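With the input below, show me the fold.
(3 chains, ligands or ions: 6)
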Amino acid sequence: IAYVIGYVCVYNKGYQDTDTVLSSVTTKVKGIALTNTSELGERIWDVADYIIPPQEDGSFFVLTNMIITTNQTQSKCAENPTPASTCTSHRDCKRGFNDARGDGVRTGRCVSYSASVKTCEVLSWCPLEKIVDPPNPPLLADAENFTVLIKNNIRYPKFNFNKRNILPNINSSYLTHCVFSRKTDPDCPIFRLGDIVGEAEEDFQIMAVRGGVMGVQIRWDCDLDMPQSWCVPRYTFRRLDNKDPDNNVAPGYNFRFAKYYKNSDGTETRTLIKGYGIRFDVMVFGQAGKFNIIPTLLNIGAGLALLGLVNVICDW
Amino acid sequence: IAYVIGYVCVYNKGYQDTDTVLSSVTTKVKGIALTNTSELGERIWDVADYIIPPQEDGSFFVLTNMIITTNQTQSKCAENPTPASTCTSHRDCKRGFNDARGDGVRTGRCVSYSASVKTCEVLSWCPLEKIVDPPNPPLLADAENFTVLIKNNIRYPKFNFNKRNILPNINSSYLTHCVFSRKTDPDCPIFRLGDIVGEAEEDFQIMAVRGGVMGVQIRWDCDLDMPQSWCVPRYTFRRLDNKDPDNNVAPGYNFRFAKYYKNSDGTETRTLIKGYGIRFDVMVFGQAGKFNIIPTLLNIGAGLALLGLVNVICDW
Amino acid sequence: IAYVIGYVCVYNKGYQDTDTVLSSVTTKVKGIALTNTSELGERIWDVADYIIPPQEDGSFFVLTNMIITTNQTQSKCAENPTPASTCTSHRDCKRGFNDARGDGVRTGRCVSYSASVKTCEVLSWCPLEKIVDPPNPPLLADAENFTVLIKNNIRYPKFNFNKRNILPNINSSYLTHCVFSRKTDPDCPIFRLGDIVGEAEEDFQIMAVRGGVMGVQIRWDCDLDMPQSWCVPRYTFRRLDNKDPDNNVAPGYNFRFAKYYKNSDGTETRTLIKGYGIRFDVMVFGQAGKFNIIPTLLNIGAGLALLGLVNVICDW
Ligand SMILES: NS(=O)(=O)c1cc(NC(=O)Cc2ccccc2)ccc1Oc1cccc(Cl)c1
Ligand SMILES: NS(=O)(=O)c1cc(NC(=O)Cc2ccccc2)ccc1Oc1cccc(Cl)c1
Ligand SMILES: NS(=O)(=O)c1cc(NC(=O)Cc2ccccc2)ccc1Oc1cccc(Cl)c1
Ligand SMILES: *[C@@H]1O[C@H](CO)[C@@H](O)[C@H](O)[C@H]1NC(C)=O
Ligand SMILES: *[C@@H]1O[C@H](CO)[C@@H](O)[C@H](O)[C@H]1NC(C)=O
Ligand SMILES: *[C@@H]1O[C@H](CO)[C@@H](O)[C@H](O)[C@H]1NC(C)=O
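Numbering: from 1, shown residues only, chains lettered A, B, ... in the order given. Ligands and ions are numbered 1, 2, ... in the order given. Coordinates below:
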């Protein structure tokens, strides 16, 4: 049955010799955002404000919601209310003990956080970060309308193949005022953050309150036997974190950083920013194949050997 | 024809069992640069100045040219000249409209940027970044002479193989005053930035004006049947971005960041730096093989099966 | 010998069709530490202090020891003692010559660093970084007791498989007060830095003095023929760097960064921090297999073909 083995080699790509992809990614974010709060007045956020890591290859972080604590100085200080931190006598707090909250290290004497309750005195940057819910709606909801240009460049080493996701039919005039869309502009690398989140069956406005990790995946599945015109990337978007709050720890995505200031007196103070944002991971993978005689001959020989079993079984 | 199948197994590595490489890279940049300009006077740039991401594993950024806008404050403000931003009456500017330039959000009234023309007021950090060409020659042309030490460590999991690119015939005395060169010192990991760019058929002085992305690739192709003395990495360098300006968007490589200052009055100002630099991507790939009986037997059986087809064809 | 080929296919996974893993990692470090020195007095280090890269996906840097040079102003200056920088006359120093130390560029005249010796004047930030060993024991030795939560998410594209390292049998109540331990809590992702370093046959206290690169590796070896309950990651830890000082360059792991301040007079000063820390690399790899008819048939045919050689050899 030469037809059977021929069809098997045709559809299983057994005659193919395959190789992996070596990729480079560069993303640039463009947009502006306006915030209007009592504390910050009226404010605008340029490209240098809402991208906390200014440029890291492979991913980017877009700040969406955020909490500030200003004028923090190292001092002995009160503690946030907590059942493990309540004071009934000066002997309750253990000198030098380190707690799981991580606000600071305890001391012997303890002071009153307020008139009603007293908590252990700790060494820390005070005033401490107030334990409050993040603002809703998010400050940077305008980050729904940002754009991101993703430039990709792959190489297949063994076959000596180089390619970029910007197809050569496209020109700069079209790319200046272009926006990606599956129905209209499938070849445009300039995505919209709102579209990226929406195509993963999510809502950006709800996501931005606590953040989340979103992955953008690009598939480079190119058949090098056919000309390079059919070597085209395919874009997919997925949500990487977990919605369910009963299984994971610290739902959402956020992190803390600081800005250090030196006063006129020489004392060092710091402003602590806790930022929640959407982190976009760019993942590139693929596998490309070419023609080779030796695998074809090996597969043909093995198929003809299996034809012996086919005949033996047909005999019975 | 046992000779044919034997030679096929010998050269095609059908008897081989292959595995991929798990790698780690660490790079240190050493050098100094001096600049002499009217705005900054005479200046020297240490290791902490021209490497904007201080240490990220896998790649590093070397600043070469820059545009600085100092003492930027939040304010209602003028707009850079642009055909879409020209004022003929106060009703031209749309309240709250967001433009594609991204300098700021528009307001109702508009003032004169200069005596000749008037542009819409915007909420923004001002004075705005002036639209000017980057300085030529670049400020950090001395970055042609920097050195970079690349320490690489690979592991093949299945075969339990660990290796480092620093060969054990080398000692610290040689590596203290060493530099890489194909003809003289091929085993030295200490490359020169000018040499790295030159080996890719590029000119550092021209390309540093607007930047570019270079990839430094290391190939770990080791045959574990032979002793480990033949497991040696191979270095290659190539240019990742595109020179041609009529196909891509925003030619070159650059990014913007900010330094935030607090005045005596408490108002917050920022210095906006737009830096054009050379980003070096370190990409490590390879595949190592070892002897295995089962693939050898399978290939031998398939070859002997194909000998049947060979005999059948020879009969005709 | 159908039994032989059957056993070969059973144990060699010949019938399997394999695919690689596409992974994402997220690490959160929790802990607090106190330092007591003459220069810094009594100090506490929060999450925003000892993690110099605030959040980079795939690795994190935990500061352990440091050298601070404060109030550095750009000016003409003296030089650190060095046999290549000693002065016997004003003609010894070469104007504009760039040295291998990298402290600064030389000038014509040279000045007495101290009463005993004189060195070349250089343009640099001063006072220069004093050449002294890092403090022992390290300032941030308390970083032995920190915790790190590692959340992993893998996908196999061809088989359409998605998984996380947080098993469904685990709940948030257990994960709130959990810690990893091989004997007691093997499914907990919350590791301890001291445990991570210790299980690599290292001591944290001696390693933190000069730092080092530690690799945390996760293996996702899942057989998809069996249910997903057997798809479980496996954790291993290695010491990536080299202890031997006679083969490598700059033993340990450290890097330099700066904090820029603006004085009242408008002059710009900077504080230069040289930080030694432990860099933890998270490397995720794996390979998953499923059942496919065509490889099974090909392997069976080749085995039956090799049975011919088996019979021929047995005949002799
Ligand atoms: N784009 S940036 O230069 O990297 C940058 C942006 C911001 N964002 C804000 O300040 C937002 C804000 C504005 C006004 C008041 C309060 C908050 C803060 C610090 C920044 O610097 C770095 C650099 C490296 C790592 C890190 Cl964590 C920070
Ligand atoms: N090597 S560094 O510490 O990371 C660093 C270097 C510079 N470079 C300059 O200031 C050059 C300069 C000097 C004087 C006037 C004008 C320009 C600026 C800020 C830096 O800090 C960070 C840290 C993380 C992310 C980012 Cl975007 C920045
Ligand atoms: N967690 S952080 O925001 O990223 C951060 C932490 C620290 N660490 C200290 O200041 C320790 C210290 C405290 C007091 C006196 C002397 C030293 C310094 C600067 C920081 O900012 C960046 C941001 C991006 C890149 C870089 Cl290199 C730095
Ligand atoms: C995004 O832009 C559209 C139209 O330009 C506007 O209707 C929408 O409100 C914007 N999104 C946000 C969050 O403001
Ligand atoms: C690099 O150094 C060489 C000699 O040390 C010198 O001739 C050359 O001009 C230097 N490069 C630059 C850009 O100054
Ligand atoms: C870590 O904690 C244990 C107990 O909580 C303590 O015995 C040990 O001294 C701590 N390590 C350091 C370096 O302080």
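
State the three-state secondary structure for the residue in the stretch 1-150 of chain A that ligand 3 sits nearest to.
Using C-beta to the nearest ligand atom, the closest approach of the stretch 1-150 of chain A to ligand 3 is made by residue A:53 at 8.3 Å. C-betas here are computed from N, CA, C, even on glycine. Put simply, residue A:53 is coil when judged by DSSP: H, G, I helix; E, B strand; the rest coil.

thought it was touching residue A:60?
Yes. Residue A:53 lies in contact with residue A:60 (C-beta atoms under 8 Å); the separation is 7.1 Å.

quick one: which of those two has more around it?
Per other C-beta atoms under 10 Å in any protein chain shown, whichever of residue A:53 and residue A:60 has more neighbours is residue A:60, with 22 against 17.

Let me know whether the more buried one touches residue A:278 as I believe.
No. Contact criterion C-beta under 8 Å: residue A:60 and residue A:278 do not qualify, at 9.5 Å.

Pull the contacting residues for residue A:150.
Going by C-beta atoms under 8 Å, 6 or more residues apart in numbering or on different chains, residue A:150 touches A:25, A:26, A:27, A:165, A:189, A:191, A:216, A:218, A:282.

Report the contact partners of the third one.
I take that to be residue A:27. Counting by C-beta under 8 Å, 6+ apart, residue A:27 has contacts A:59, A:60, A:148, A:149, A:150, A:151, A:280, A:282.

ok, so of those residues, who is nearest residue C:236?
When the contacts of residue A:27 are compared for distance to residue C:236 (C-beta to C-beta), residue A:59 comes out closest, at 25.3 Å.

what bridges to the closest residue to the closest one other than its chain neighbours?
Distance criterion C-beta to C-beta, 6 or more residues apart in numbering or on different chains; nearest residue to residue A:59, sequence neighbours excluded, is residue A:281 at 5.0 Å. Residue A:281 forms beta bridges with residue A:59, residue A:215, as assigned by DSSP bridges.

show me where the stretch 51-200 of chain A has helices.
A:172-176, A:193-198 (DSSP state H, counting those that start in this stretch).

buried sites along the last one?
Of all the residues in helix A:193-198, those buried under the rule 16 or more other C-beta atoms under 10 Å in any protein chain shown are A:193, A:194, A:195, A:196, A:197.

who in the stretch 1-150 of chain A is up against ligand 3?
Taking C-beta under 6 Å from any ligand atom, no part of the stretch 1-150 of chain A reaches ligand 3.

Tell me the residues on the stretch 1-150 of chain A that lie near chain B, please.
A:20, A:22, A:24, A:26, A:28, A:30-32, A:34, A:42-44, A:46-49, A:54-57, A:145, A:149 (C-beta under 8 Å from any C-beta of the partner chain).

Now tabulate the contacts of residue A:150 in TSV and tack on distance to residue C:98.
Listed next are the contacts of residue A:150 as TSV, based on distance: C-beta to C-beta, whole Å:
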residue	distance to residue C:98
A:25	36
A:26	33
A:27	37
A:165	42
A:189	42
A:191	46
A:216	44
A:218	44
A:282	40
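
between the residues you listed, which is closest to residue A:8?
Of all the contacts of residue A:150, residue A:8 sits closest to residue A:218, with 30.8 Å by C-beta to C-beta.

wait, that closest one sits on residue A:163?
No. Using C-beta under 8 Å, residue A:218 makes no contact with residue A:163, being 11.7 Å away.

And chain A, what are its domain boundaries?
A:1-18+A:292-316, A:21-78+A:128-286 (automatic domain parsing).

Which single residue of the stretch 1-150 of chain A ends up nearest ligand 6?
Counting by C-beta to the nearest ligand atom, the stretch 1-150 of chain A gets nearest to ligand 6 through residue A:98 (7.2 Å).

count of neighbours near that residue?
Neighbours around residue A:98, by other C-beta under 10 Å: 16.

Look up the closest residue to it, ignoring the ones flanking it.
Leaving aside its chain neighbours, residue A:98 sits nearest to residue A:105 (5.7 Å; criterion: C-beta to C-beta, 6+ apart).

try residue A:164
Residue A:164's closest residue in space is residue A:153 (C-beta to C-beta, 6+ apart), at 4.8 Å.

List the residues that contact that neighbour.
A:23, A:24, A:162, A:163, A:164, A:165, B:240, B:241.

mind listing what's buried in the strand or helix carrying the first one?
Using DSSP states H and E, the element containing residue A:23 is strand A:22-30. Residues of strand A:22-30 classed as buried under the neighbour-count rule (16+ other C-beta under 10 Å) are A:22, A:23, A:24, A:25, A:26, A:27, A:28, A:29.

would you turn the contacts of residue A:150 into JSON lines with distance to ligand 2?
Putting the contacts of residue A:150 into JSON lines (distance: C-beta to the nearest ligand atom, whole Å) gives the following:
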{"residue": "A:25", "distance to ligand 2": "19"}
{"residue": "A:26", "distance to ligand 2": "16"}
{"residue": "A:27", "distance to ligand 2": "16"}
{"residue": "A:165", "distance to ligand 2": "27"}
{"residue": "A:189", "distance to ligand 2": "24"}
{"residue": "A:191", "distance to ligand 2": "24"}
{"residue": "A:216", "distance to ligand 2": "23"}
{"residue": "A:218", "distance to ligand 2": "27"}
{"residue": "A:282", "distance to ligand 2": "20"}
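
Go through these and name the one nearest residue B:8.
Set against residue B:8, the nearest of the contacts of residue A:150 by C-beta to C-beta is residue A:218 (36.9 Å).

Over to the closest one: give its phi and psi.
For residue A:218, the backbone dihedrals are phi -120, psi 120 (criterion: degrees, to the nearest 10).

Residue A:274 too?
Residue A:274 adopts backbone torsions of phi -110, psi 110, taken as degrees, to the nearest 10.

Then residue A:306?
Dihedral angles (degrees, to the nearest 10) for residue A:306: phi -70, psi -30.

Just give the nearest non-adjacent residue to it, would you?
Going by C-beta to C-beta, 6+ apart, residue A:306 has residue C:301 as its nearest residue, at 3.1 Å.

With that, I have no additional questions.
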